[PDB]
C-alpha cells in the first residue's frame, strides 16, 4: 500500500518523497514538487532545524530560466530555517510553481 499511498500524496499535494537516508549530519529526504514546472531539492533535519538544498546541476538552461523568473531567488541556494516554517515553505514553493 506504501506505493499507492505515495501516489495519493503526489496527486493531493503535488509532492513526492523519492527516498530518505540518515548520514552523520542528520535525516535527509530527496524531494520533488510540481504543479509543468518542477523543482527538485533535499531537506535535511538536524537535531530541530531544517536545511533546504536545491538540486539544479542537472537541469537544462531553459529549465533554469523558467524557474528563476517565477521562483523566489533564495530557492536557488541552500537555506536553513526553523521546523515551524516547513509548511509555509512547502506552500511558498507550491504557490510559486503554479
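Positions refer to the first chain, counted from 1.
In the comparison with other entries of the same protein, residue 29 is given coordinates in all of those covering both sides of it, so it never reaches the one-third threshold. Unmodelled residues of the deposited sequence between residue 35 and residue 36: 4 to 9. Coordinates are lacking for 4 to 9 deposited residues between residue 47 and residue 48. When the mean C-alpha temperature factors of 70-78 and 9-17 are read from the deposited coordinates, 70-78 comes out higher. Higher mean CA temperature factor between 36-44 and 58-66: 58-66, per the PDB entry. In the deposited entry, the Cα temperature factor of residue 4 sits in the top third of values across the chain's modelled residues. Split the chain's modelled residues into thirds by C-alpha temperature factor. Residue 96 is in the middle one. Sort the chain's modelled residues by C-alpha temperature factor and residue 25 lands in the highest third, per the entry.
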